[PDB]
Amino acid sequence: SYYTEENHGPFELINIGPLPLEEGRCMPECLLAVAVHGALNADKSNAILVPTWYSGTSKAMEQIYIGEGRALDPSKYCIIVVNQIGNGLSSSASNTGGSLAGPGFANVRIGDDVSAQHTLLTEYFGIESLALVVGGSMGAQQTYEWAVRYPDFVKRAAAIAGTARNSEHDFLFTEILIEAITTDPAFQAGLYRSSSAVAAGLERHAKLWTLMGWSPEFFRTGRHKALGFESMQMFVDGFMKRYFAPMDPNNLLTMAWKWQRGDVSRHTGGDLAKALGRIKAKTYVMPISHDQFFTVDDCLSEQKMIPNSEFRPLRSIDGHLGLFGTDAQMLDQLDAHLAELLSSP
Amino acid sequence: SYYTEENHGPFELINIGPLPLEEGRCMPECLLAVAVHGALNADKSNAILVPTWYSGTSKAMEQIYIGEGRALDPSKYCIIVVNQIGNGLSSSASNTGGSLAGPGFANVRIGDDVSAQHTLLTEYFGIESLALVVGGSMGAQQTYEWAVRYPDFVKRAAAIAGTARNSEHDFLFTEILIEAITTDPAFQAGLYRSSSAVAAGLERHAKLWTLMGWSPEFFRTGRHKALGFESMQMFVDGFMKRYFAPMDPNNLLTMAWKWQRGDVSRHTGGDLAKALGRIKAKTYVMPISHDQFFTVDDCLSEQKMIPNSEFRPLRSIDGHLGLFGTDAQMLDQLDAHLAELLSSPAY
């Protein structure tokens, strides 16, 4: 009941046909849930691709980032928001039959999403280049993979709060996030009868996201209170637990495995400088100042490897989950940077 | 067999007598495990008290911080290292009988340790003031409590990587650490057959410490490899899991409960500025730059409320567990700050 058009729509389900996956299995049919905002011009020069992030859907990207006086303005651009494979709206553990059902769903990599999106854009939209690819966190992982895998296709790229190659510390964080779910016996090796049977694991998952998803300064200065939650307990229970409670464990695990392995250097034998050296897009690297796990240092290290790129950190004590749109001043910064990027040749 | 003289000694067990605890229970006899390094001078004016930190013992403070070339030099100072109530050496769930055994052990607060330490110093050693109180993390919590509770007694205070009133974020971290242990079915509500039976909970606890105890920069720049571990997997297994593996779950929960509730403002009805304003000790507030949960910003906000004090962050990408002595640059900075502190004129 969570993954519906009534909650996340409108979107279109587009069957892009069979999808051979990097890990070796083939999806007989890959359905991508796509939301399109704005019209494509005759040059097809105004398309923007927006990948979705961990546990997220196209509806979040639309609610937080897209609109009239925003950088992502559908009166000027054709903004194409594409849901991750495994996110519950596109083909996922939760909505696919046969051998891909539930814990049978394949291991999907960032590169598989980008490959599917490329097929979608060329064959269903007839688009041969993107004015901008922009995403946050896992959405930034896909942004980097686009810029490296199809370098002449991507004219501009904005990687918000995410890296091109995942760190060992981030891998550990996600492993602990996974174990929060899989160590709940009600998970039943993915064969749980309903999402909510795994409430304990989903709550433990939410508590870890509270610990790592914001920042110590967020809580010290009472940001949670400004958002309407009088205490850490109220914030954990009223915001964080409630966010994850209706979601599907198998889907979260599909996206967590994928997030763990984001690595554009797979194109270059593990040489990251060589992969990032391939980027032709005008690229803004935009970590959030207080992000606890995609750090300013992590992202600056990569930016130095991307030719013609710019380092444009967002200042927000809301840290990583400032992506959720809790900090309007952060959103204003982001809009100014993105408008400047879109304005550049 | 982890909590022995063979592993953590030499130390002496001193019975300081009954200890009425803040939470309301009375310990009929409180034994403190104490290690002394160096001799007291003629008027006992060279005593330095070193409390121990979460999961730690006096052995760690000795190995990492005490020695002739160092600020805590036993050829000049009498350095008295006192093990936390609950840490397995002093009176704890793992070694106390009667109604205090195992799951029955009382909820002990930072203030109970400081009161017990004060009784130890005055009644057993005849010491009536301290040249320095210094500790890290939970050791820093006890340091602040000392400086607030007995302000004339403490001539100098050095609070490394810890705060005077615990934050909500830190409380959540420790709650998650506690649940890593208590959700292991083998924990059996504190009635586990042995430490070893609760290995799954202890390993999850270790993984959480790996996540929060160092820093992303520590790993990004390959510090774990410099320390001799080929990969994150080898570091987690060979350093972090191994550290917690032999420890007692009930003792860790005692120290965790205590850590969660460190709060010197209990002396002043919740008014932290009033509590910290009581401090007369020359005080250095020394967060570790890349500490993920006792942040530079957390400690700065408290330092601003302590009169006479100085803010001296330790620069280390090793973050919180740089307390374990992994970062020799950080130890060198600390020695320099502590030597400067110890040279402040006696009033």
# chains A, B, ... in the order shown; residues from 1 in each chain; ligands from 1
$ interface_residues --of "chain A" --to "chain B" --cutoff "9 Å" --atoms "only C-alpha atoms" --output "PDB file with N, CA, C and O atoms, in the first residue's frame"
ATOM      1  N   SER A 167      33.403   4.852  -0.181  1.00  0.00           N
ATOM      2  CA  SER A 167      34.474   4.643   0.792  1.00  0.00           C
ATOM      3  C   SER A 167      34.262   3.402   1.648  1.00  0.00           C
ATOM      4  O   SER A 167      33.145   2.860   1.717  1.00  0.00           O
ATOM      5  N   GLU A 168      35.326   2.982   2.337  1.00  0.00           N
ATOM      6  CA  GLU A 168      35.221   1.844   3.244  1.00  0.00           C
ATOM      7  C   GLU A 168      34.372   2.182   4.466  1.00  0.00           C
ATOM      8  O   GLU A 168      33.635   1.320   4.974  1.00  0.00           O
ATOM      9  N   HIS A 169      34.440   3.431   4.924  1.00  0.00           N
ATOM     10  CA  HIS A 169      33.643   3.838   6.080  1.00  0.00           C
ATOM     11  C   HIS A 169      32.154   3.827   5.708  1.00  0.00           C
ATOM     12  O   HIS A 169      31.294   3.373   6.481  1.00  0.00           O
ATOM     13  N   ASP A 170      31.839   4.340   4.518  1.00  0.00           N
ATOM     14  CA  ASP A 170      30.450   4.362   4.067  1.00  0.00           C
ATOM     15  C   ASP A 170      29.944   2.931   3.879  1.00  0.00           C
ATOM     16  O   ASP A 170      28.796   2.620   4.209  1.00  0.00           O
ATOM     17  N   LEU A 172      30.815   0.348   5.538  1.00  0.00           N
ATOM     18  CA  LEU A 172      30.511  -0.141   6.884  1.00  0.00           C
ATOM     19  C   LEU A 172      29.188   0.394   7.435  1.00  0.00           C
ATOM     20  O   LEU A 172      28.407  -0.354   8.017  1.00  0.00           O
ATOM     21  N   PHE A 173      28.969   1.697   7.319  1.00  0.00           N
ATOM     22  CA  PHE A 173      27.696   2.299   7.712  1.00  0.00           C
ATOM     23  C   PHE A 173      26.534   1.534   7.087  1.00  0.00           C
ATOM     24  O   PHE A 173      25.582   1.153   7.777  1.00  0.00           O
ATOM     25  N   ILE A 176      26.000  -1.919   8.481  1.00  0.00           N
ATOM     26  CA  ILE A 176      25.318  -1.885   9.783  1.00  0.00           C
ATOM     27  C   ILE A 176      23.818  -1.581   9.615  1.00  0.00           C
ATOM     28  O   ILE A 176      22.947  -2.189  10.295  1.00  0.00           O
ATOM     29  N   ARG A 204      15.119  -0.007  14.132  1.00  0.00           N
ATOM     30  CA  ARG A 204      16.553   0.038  14.434  1.00  0.00           C
ATOM     31  C   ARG A 204      17.293   0.727  13.281  1.00  0.00           C
ATOM     32  O   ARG A 204      18.216   1.523  13.501  1.00  0.00           O
ATOM     33  N   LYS A 207      16.777   4.403  13.734  1.00  0.00           N
ATOM     34  CA  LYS A 207      17.587   5.011  14.792  1.00  0.00           C
ATOM     35  C   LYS A 207      19.010   5.273  14.327  1.00  0.00           C
ATOM     36  O   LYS A 207      19.630   6.273  14.693  1.00  0.00           O
ATOM     37  N   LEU A 208      19.542   4.354  13.527  1.00  0.00           N
ATOM     38  CA  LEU A 208      20.879   4.528  12.956  1.00  0.00           C
ATOM     39  C   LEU A 208      20.940   5.698  11.976  1.00  0.00           C
ATOM     40  O   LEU A 208      21.940   6.430  11.911  1.00  0.00           O
ATOM     41  N   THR A 210      19.100   8.247  12.293  1.00  0.00           N
ATOM     42  CA  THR A 210      19.049   9.460  13.141  1.00  0.00           C
ATOM     43  C   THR A 210      20.454   9.801  13.625  1.00  0.00           C
ATOM     44  O   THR A 210      20.862  10.973  13.657  1.00  0.00           O
ATOM     45  N   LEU A 211      21.203   8.774  13.993  1.00  0.00           N
ATOM     46  CA  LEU A 211      22.571   8.962  14.500  1.00  0.00           C
ATOM     47  C   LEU A 211      23.512   9.538  13.425  1.00  0.00           C
ATOM     48  O   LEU A 211      24.344  10.398  13.718  1.00  0.00           O
ATOM     49  N   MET A 212      23.385   9.045  12.186  1.00  0.00           N
ATOM     50  CA  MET A 212      24.340   9.395  11.126  1.00  0.00           C
ATOM     51  C   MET A 212      23.787  10.382  10.076  1.00  0.00           C
ATOM     52  O   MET A 212      24.559  10.919   9.262  1.00  0.00           O
ATOM     53  N   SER A 215      23.389  15.841  12.101  1.00  0.00           N
ATOM     54  CA  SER A 215      24.707  16.141  12.669  1.00  0.00           C
ATOM     55  C   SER A 215      24.543  16.401  14.158  1.00  0.00           C
ATOM     56  O   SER A 215      23.447  16.703  14.632  1.00  0.00           O
ATOM     57  N   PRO A 216      25.638  16.272  14.891  1.00  0.00           N
ATOM     58  CA  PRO A 216      25.602  16.690  16.289  1.00  0.00           C
ATOM     59  C   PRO A 216      25.134  18.152  16.435  1.00  0.00           C
ATOM     60  O   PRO A 216      24.411  18.474  17.372  1.00  0.00           O
ATOM     61  N   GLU A 217      25.515  19.034  15.515  1.00  0.00           N
ATOM     62  CA  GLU A 217      25.149  20.450  15.664  1.00  0.00           C
ATOM     63  C   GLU A 217      23.652  20.666  15.432  1.00  0.00           C
ATOM     64  O   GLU A 217      23.060  21.573  15.998  1.00  0.00           O
ATOM     65  N   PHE A 219      21.290  18.727  16.414  1.00  0.00           N
ATOM     66  CA  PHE A 219      20.580  18.496  17.676  1.00  0.00           C
ATOM     67  C   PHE A 219      21.015  19.460  18.753  1.00  0.00           C
ATOM     68  O   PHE A 219      20.190  19.889  19.577  1.00  0.00           O
ATOM     69  N   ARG A 220      22.295  19.828  18.776  1.00  0.00           N
ATOM     70  CA  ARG A 220      22.742  20.719  19.838  1.00  0.00           C
ATOM     71  C   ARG A 220      21.997  22.047  19.771  1.00  0.00           C
ATOM     72  O   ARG A 220      21.664  22.631  20.813  1.00  0.00           O
ATOM     73  N   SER A 231      11.763  16.851  21.386  1.00  0.00           N
ATOM     74  CA  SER A 231      12.845  16.083  22.001  1.00  0.00           C
ATOM     75  C   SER A 231      13.424  15.116  20.995  1.00  0.00           C
ATOM     76  O   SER A 231      12.811  14.880  19.961  1.00  0.00           O
ATOM     77  N   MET A 232      14.595  14.548  21.290  1.00  0.00           N
ATOM     78  CA  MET A 232      15.135  13.490  20.441  1.00  0.00           C
ATOM     79  C   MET A 232      14.155  12.331  20.343  1.00  0.00           C
ATOM     80  O   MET A 232      13.958  11.771  19.269  1.00  0.00           O
ATOM     81  N   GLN A 233      13.571  11.943  21.469  1.00  0.00           N
ATOM     82  CA  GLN A 233      12.610  10.833  21.429  1.00  0.00           C
ATOM     83  C   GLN A 233      11.444  11.117  20.453  1.00  0.00           C
ATOM     84  O   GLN A 233      11.064  10.255  19.656  1.00  0.00           O
ATOM     85  N   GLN A 292      27.741  13.543   7.728  1.00  0.00           N
ATOM     86  CA  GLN A 292      28.555  12.656   8.547  1.00  0.00           C
ATOM     87  C   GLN A 292      29.196  11.494   7.790  1.00  0.00           C
ATOM     88  O   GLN A 292      30.084  10.824   8.319  1.00  0.00           O
ATOM     89  N   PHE A 293      28.739  11.220   6.567  1.00  0.00           N
ATOM     90  CA  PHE A 293      29.308  10.057   5.863  1.00  0.00           C
ATOM     91  C   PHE A 293      29.665  10.226   4.388  1.00  0.00           C
ATOM     92  O   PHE A 293      30.505   9.461   3.889  1.00  0.00           O
ATOM     93  N   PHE A 294      29.100  11.213   3.701  1.00  0.00           N
ATOM     94  CA  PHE A 294      29.678  11.683   2.425  1.00  0.00           C
ATOM     95  C   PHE A 294      30.337  13.032   2.710  1.00  0.00           C
ATOM     96  O   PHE A 294      29.700  14.078   2.573  1.00  0.00           O
ATOM     97  N   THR A 295      31.576  13.016   3.186  1.00  0.00           N
ATOM     98  CA  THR A 295      32.093  14.214   3.828  1.00  0.00           C
ATOM     99  C   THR A 295      32.615  15.224   2.818  1.00  0.00           C
ATOM    100  O   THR A 295      32.894  14.901   1.656  1.00  0.00           O
ATOM    101  N   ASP A 297      35.531  16.437   2.796  1.00  0.00           N
ATOM    102  CA  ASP A 297      36.849  15.936   2.407  1.00  0.00           C
ATOM    103  C   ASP A 297      36.784  14.850   1.318  1.00  0.00           C
ATOM    104  O   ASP A 297      37.619  14.832   0.411  1.00  0.00           O
ATOM    105  N   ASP A 298      35.885  13.878   1.512  1.00  0.00           N
ATOM    106  CA  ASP A 298      35.670  12.793   0.530  1.00  0.00           C
ATOM    107  C   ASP A 298      35.404  13.394  -0.846  1.00  0.00           C
ATOM    108  O   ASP A 298      35.989  12.998  -1.848  1.00  0.00           O
TER     109      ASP A 298
END
$ residues_around --residues "residue 277 of chain B" --least-positions-apart "6" --cutoff "7 Å" --atoms "only C-alpha atoms" --output "PyMOL selection string"
chain B and resi 305-307
$ write_last_selection --atoms "N, CA, C and O atoms" --output "PDB file, in the first residue's frame"
ATOM      1  N   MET B 305      31.628  28.800  29.185  1.00  0.00           N
ATOM      2  CA  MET B 305      30.961  28.983  30.480  1.00  0.00           C
ATOM      3  C   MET B 305      31.867  28.721  31.698  1.00  0.00           C
ATOM      4  O   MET B 305      31.436  28.864  32.851  1.00  0.00           O
ATOM      5  N   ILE B 306      33.110  28.323  31.442  1.00  0.00           N
ATOM      6  CA  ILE B 306      34.047  27.991  32.525  1.00  0.00           C
ATOM      7  C   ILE B 306      35.055  29.135  32.736  1.00  0.00           C
ATOM      8  O   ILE B 306      35.884  29.417  31.870  1.00  0.00           O
ATOM      9  N   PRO B 307      34.996  29.795  33.895  1.00  0.00           N
ATOM     10  CA  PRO B 307      35.883  30.962  34.048  1.00  0.00           C
ATOM     11  C   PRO B 307      37.339  30.527  34.153  1.00  0.00           C
ATOM     12  O   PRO B 307      37.520  29.413  34.625  1.00  0.00           O
TER      13      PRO B 307
END
$ select_by_dssp --residues "segment 135-283 of chain A" --states "helix (DSSP H, G or I)" --output "compact mmCIF listing (two decimals) with N, CA and C atoms, in the first residue's frame"
# COMPACT_ATOMS: atom_id res chain seq x y z
N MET A 138 22.65 8.66 -3.29
CA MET A 138 22.62 7.64 -4.37
C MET A 138 22.31 8.27 -5.73
N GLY A 139 21.58 9.39 -5.72
CA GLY A 139 21.31 10.10 -6.96
C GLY A 139 22.59 10.71 -7.53
N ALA A 140 23.50 11.10 -6.64
CA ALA A 140 24.83 11.60 -7.05
C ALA A 140 25.73 10.45 -7.57
N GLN A 141 25.60 9.27 -6.97
CA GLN A 141 26.31 8.09 -7.48
C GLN A 141 25.96 7.84 -8.94
N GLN A 142 24.68 7.95 -9.27
CA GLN A 142 24.23 7.74 -10.65
C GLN A 142 24.66 8.88 -11.54
N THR A 143 24.71 10.08 -10.98
CA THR A 143 25.20 11.25 -11.73
C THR A 143 26.65 11.04 -12.18
N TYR A 144 27.51 10.68 -11.24
CA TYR A 144 28.90 10.39 -11.60
C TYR A 144 29.02 9.24 -12.60
N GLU A 145 28.25 8.17 -12.39
CA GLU A 145 28.30 7.06 -13.33
C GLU A 145 27.87 7.52 -14.75
N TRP A 146 26.84 8.37 -14.87
CA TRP A 146 26.49 8.94 -16.18
C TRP A 146 27.66 9.69 -16.82
N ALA A 147 28.25 10.58 -16.04
CA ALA A 147 29.28 11.48 -16.54
C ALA A 147 30.51 10.71 -17.04
N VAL A 148 30.78 9.57 -16.41
CA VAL A 148 31.93 8.71 -16.77
C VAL A 148 31.61 7.69 -17.88
N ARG A 149 30.45 7.06 -17.79
CA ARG A 149 30.06 6.02 -18.74
C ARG A 149 29.69 6.57 -20.11
N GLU A 168 35.33 2.98 2.34
CA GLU A 168 35.22 1.84 3.24
C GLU A 168 34.37 2.18 4.47
N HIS A 169 34.44 3.43 4.92
CA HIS A 169 33.64 3.84 6.08
C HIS A 169 32.15 3.83 5.71
N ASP A 170 31.84 4.34 4.52
CA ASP A 170 30.45 4.36 4.07
C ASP A 170 29.94 2.93 3.88
N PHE A 171 30.80 2.06 3.35
CA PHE A 171 30.41 0.66 3.17
C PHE A 171 30.01 0.06 4.52
N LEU A 172 30.82 0.35 5.54
CA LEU A 172 30.51 -0.14 6.88
C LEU A 172 29.19 0.39 7.44
N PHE A 173 28.97 1.70 7.32
CA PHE A 173 27.70 2.30 7.71
C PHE A 173 26.53 1.53 7.09
N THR A 174 26.62 1.28 5.79
CA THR A 174 25.49 0.64 5.11
C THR A 174 25.37 -0.82 5.51
N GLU A 175 26.51 -1.46 5.76
CA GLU A 175 26.46 -2.84 6.26
C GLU A 175 25.72 -2.89 7.61
N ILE A 176 26.00 -1.92 8.48
CA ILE A 176 25.32 -1.88 9.78
C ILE A 176 23.82 -1.58 9.61
N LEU A 177 23.51 -0.67 8.69
CA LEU A 177 22.12 -0.41 8.31
C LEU A 177 21.39 -1.66 7.80
N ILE A 178 22.08 -2.45 6.99
CA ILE A 178 21.53 -3.71 6.50
C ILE A 178 21.28 -4.70 7.64
N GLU A 179 22.29 -4.87 8.49
CA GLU A 179 22.17 -5.80 9.61
C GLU A 179 21.07 -5.39 10.59
N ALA A 180 20.78 -4.10 10.71
CA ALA A 180 19.67 -3.66 11.57
C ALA A 180 18.37 -4.34 11.14
N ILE A 181 18.20 -4.48 9.83
CA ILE A 181 17.04 -5.15 9.27
C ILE A 181 17.23 -6.68 9.29
N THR A 182 18.35 -7.20 8.80
CA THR A 182 18.42 -8.65 8.58
C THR A 182 18.59 -9.45 9.86
N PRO A 185 14.66 -11.33 13.50
CA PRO A 185 14.17 -12.65 13.04
C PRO A 185 12.89 -12.60 12.21
N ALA A 186 12.07 -11.57 12.40
CA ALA A 186 10.83 -11.46 11.62
C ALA A 186 11.08 -11.22 10.12
N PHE A 187 12.30 -10.79 9.77
CA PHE A 187 12.70 -10.62 8.36
C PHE A 187 12.54 -11.93 7.58
N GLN A 188 12.77 -13.05 8.28
CA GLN A 188 12.51 -14.37 7.73
C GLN A 188 13.21 -14.57 6.38
N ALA A 189 14.46 -14.13 6.32
CA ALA A 189 15.29 -14.27 5.12
C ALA A 189 14.63 -13.68 3.89
N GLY A 190 13.82 -12.64 4.13
CA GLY A 190 13.14 -11.90 3.07
C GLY A 190 11.74 -12.41 2.76
N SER A 195 5.44 -6.13 5.24
CA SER A 195 6.43 -5.14 5.63
C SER A 195 6.47 -4.89 7.14
N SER A 196 5.30 -4.74 7.74
CA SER A 196 5.21 -4.31 9.13
C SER A 196 5.59 -5.40 10.14
N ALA A 197 5.71 -6.65 9.69
CA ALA A 197 6.17 -7.71 10.57
C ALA A 197 7.60 -7.43 11.00
N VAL A 198 8.31 -6.65 10.19
CA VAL A 198 9.73 -6.36 10.39
C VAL A 198 9.89 -4.97 11.04
N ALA A 199 8.88 -4.55 11.78
CA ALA A 199 8.89 -3.22 12.40
C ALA A 199 10.10 -2.98 13.30
N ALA A 200 10.52 -3.99 14.06
CA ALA A 200 11.66 -3.81 14.95
C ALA A 200 12.91 -3.50 14.16
N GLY A 201 13.19 -4.27 13.12
CA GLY A 201 14.36 -4.00 12.28
C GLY A 201 14.29 -2.63 11.59
N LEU A 202 13.11 -2.27 11.09
CA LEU A 202 12.92 -0.97 10.43
C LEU A 202 13.12 0.15 11.45
N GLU A 203 12.68 -0.04 12.69
CA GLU A 203 12.93 0.98 13.73
C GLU A 203 14.42 1.12 14.04
N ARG A 204 15.12 -0.01 14.13
CA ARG A 204 16.55 0.04 14.43
C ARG A 204 17.29 0.73 13.28
N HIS A 205 16.87 0.42 12.05
CA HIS A 205 17.35 1.10 10.84
C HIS A 205 17.15 2.64 10.96
N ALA A 206 15.95 3.03 11.38
CA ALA A 206 15.64 4.45 11.55
C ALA A 206 16.49 5.12 12.64
N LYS A 207 16.78 4.40 13.73
CA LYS A 207 17.59 5.01 14.79
C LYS A 207 19.01 5.27 14.33
N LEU A 208 19.54 4.35 13.53
CA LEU A 208 20.88 4.53 12.96
C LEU A 208 20.94 5.70 11.98
N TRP A 209 19.89 5.85 11.18
CA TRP A 209 19.79 7.01 10.30
C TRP A 209 19.68 8.30 11.10
N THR A 210 19.10 8.25 12.29
CA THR A 210 19.05 9.46 13.14
C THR A 210 20.45 9.80 13.62
N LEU A 211 21.20 8.77 13.99
CA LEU A 211 22.57 8.96 14.50
C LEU A 211 23.51 9.54 13.43
N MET A 212 23.39 9.05 12.19
CA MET A 212 24.34 9.40 11.13
C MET A 212 23.79 10.38 10.08
N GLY A 213 22.48 10.63 10.09
CA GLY A 213 21.86 11.29 8.94
C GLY A 213 21.80 12.82 9.02
N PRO A 216 25.64 16.27 14.89
CA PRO A 216 25.60 16.69 16.29
C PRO A 216 25.13 18.15 16.43
N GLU A 217 25.52 19.03 15.52
CA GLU A 217 25.15 20.45 15.66
C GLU A 217 23.65 20.67 15.43
N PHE A 218 23.07 19.84 14.57
CA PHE A 218 21.62 19.85 14.30
C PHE A 218 20.87 19.70 15.61
N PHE A 219 21.29 18.73 16.41
CA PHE A 219 20.58 18.50 17.68
C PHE A 219 21.02 19.46 18.75
N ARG A 220 22.29 19.83 18.78
CA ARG A 220 22.74 20.72 19.84
C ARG A 220 22.00 22.05 19.77
N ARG A 223 17.51 22.14 16.17
CA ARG A 223 16.84 22.10 14.87
C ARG A 223 15.61 21.20 14.89
N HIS A 224 15.69 20.08 15.61
CA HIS A 224 14.54 19.18 15.66
C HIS A 224 13.32 19.90 16.28
N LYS A 225 13.59 20.75 17.27
CA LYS A 225 12.54 21.54 17.92
C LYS A 225 11.95 22.55 16.96
N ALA A 226 12.80 23.19 16.16
CA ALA A 226 12.32 24.11 15.10
C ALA A 226 11.45 23.38 14.08
N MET A 232 14.59 14.55 21.29
CA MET A 232 15.13 13.49 20.44
C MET A 232 14.15 12.33 20.34
N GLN A 233 13.57 11.94 21.47
CA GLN A 233 12.61 10.83 21.43
C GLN A 233 11.44 11.12 20.45
N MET A 234 10.88 12.32 20.53
CA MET A 234 9.76 12.69 19.67
C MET A 234 10.19 12.73 18.21
N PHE A 235 11.41 13.18 17.97
CA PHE A 235 11.95 13.27 16.62
C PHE A 235 12.20 11.88 16.02
N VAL A 236 12.81 11.02 16.82
CA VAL A 236 13.03 9.63 16.41
C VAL A 236 11.70 8.95 16.13
N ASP A 237 10.78 9.06 17.07
CA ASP A 237 9.48 8.38 16.93
C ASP A 237 8.58 9.03 15.87
N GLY A 238 8.56 10.36 15.83
CA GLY A 238 7.60 11.08 15.00
C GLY A 238 8.03 11.38 13.58
N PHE A 239 9.34 11.38 13.35
CA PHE A 239 9.89 11.73 12.04
C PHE A 239 10.58 10.50 11.49
N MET A 240 11.62 10.04 12.18
CA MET A 240 12.48 9.02 11.58
C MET A 240 11.86 7.62 11.51
N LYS A 241 11.30 7.14 12.62
CA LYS A 241 10.65 5.82 12.59
C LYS A 241 9.47 5.83 11.64
N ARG A 242 8.73 6.93 11.63
CA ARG A 242 7.53 7.02 10.78
C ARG A 242 7.89 7.02 9.30
N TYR A 243 9.06 7.58 8.99
CA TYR A 243 9.50 7.63 7.59
C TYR A 243 9.74 6.21 7.05
N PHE A 244 10.41 5.36 7.83
CA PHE A 244 10.78 4.03 7.35
C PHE A 244 9.71 2.96 7.58
N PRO A 249 11.39 -4.00 3.46
CA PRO A 249 12.78 -4.39 3.77
C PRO A 249 13.56 -4.88 2.55
N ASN A 250 12.97 -5.75 1.72
CA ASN A 250 13.74 -6.25 0.59
C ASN A 250 14.18 -5.13 -0.34
N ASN A 251 13.29 -4.17 -0.58
CA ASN A 251 13.63 -3.03 -1.43
C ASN A 251 14.76 -2.20 -0.82
N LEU A 252 14.68 -1.94 0.48
CA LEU A 252 15.72 -1.16 1.13
C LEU A 252 17.06 -1.88 0.97
N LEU A 253 17.04 -3.20 1.12
CA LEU A 253 18.29 -3.98 0.96
C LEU A 253 18.81 -3.96 -0.48
N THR A 254 17.90 -3.98 -1.47
CA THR A 254 18.34 -3.85 -2.87
C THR A 254 19.09 -2.52 -3.04
N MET A 255 18.51 -1.44 -2.53
CA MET A 255 19.15 -0.12 -2.70
C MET A 255 20.40 0.01 -1.83
N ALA A 256 20.42 -0.61 -0.65
CA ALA A 256 21.61 -0.55 0.19
C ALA A 256 22.83 -1.30 -0.43
N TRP A 257 22.60 -2.49 -1.01
CA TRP A 257 23.67 -3.25 -1.67
C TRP A 257 24.24 -2.43 -2.81
N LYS A 258 23.35 -1.77 -3.55
CA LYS A 258 23.74 -0.96 -4.70
C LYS A 258 24.60 0.27 -4.27
N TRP A 259 24.10 0.98 -3.28
CA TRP A 259 24.77 2.14 -2.69
C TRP A 259 26.18 1.73 -2.21
N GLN A 260 26.29 0.57 -1.57
CA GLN A 260 27.60 0.08 -1.06
C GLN A 260 28.65 -0.05 -2.14
N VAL A 264 32.70 4.28 -10.03
CA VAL A 264 32.90 4.54 -11.45
C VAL A 264 34.26 4.03 -11.94
N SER A 265 35.19 3.71 -11.02
CA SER A 265 36.52 3.22 -11.43
C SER A 265 36.48 1.77 -11.97
N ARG A 266 35.32 1.13 -11.86
CA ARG A 266 35.06 -0.14 -12.52
C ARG A 266 35.22 0.00 -14.03
N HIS A 267 35.17 1.22 -14.55
CA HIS A 267 35.35 1.40 -16.00
C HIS A 267 36.83 1.43 -16.38
N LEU A 272 40.73 5.47 -10.22
CA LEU A 272 39.69 6.51 -10.08
C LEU A 272 40.04 7.79 -10.83
N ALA A 273 41.31 8.19 -10.78
CA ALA A 273 41.73 9.42 -11.48
C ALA A 273 41.47 9.29 -12.98
N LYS A 274 41.65 8.08 -13.50
CA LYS A 274 41.46 7.83 -14.92
C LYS A 274 39.97 7.89 -15.30
N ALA A 275 39.12 7.31 -14.46
CA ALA A 275 37.68 7.36 -14.68
C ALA A 275 37.17 8.81 -14.61
N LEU A 276 37.53 9.52 -13.54
CA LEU A 276 37.09 10.90 -13.40
C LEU A 276 37.72 11.79 -14.47
$ atom_distance --atom1 "atom CA of residue 143 of chain B" --atom2 "atom CA of residue 84 of chain B"
12.4 Å
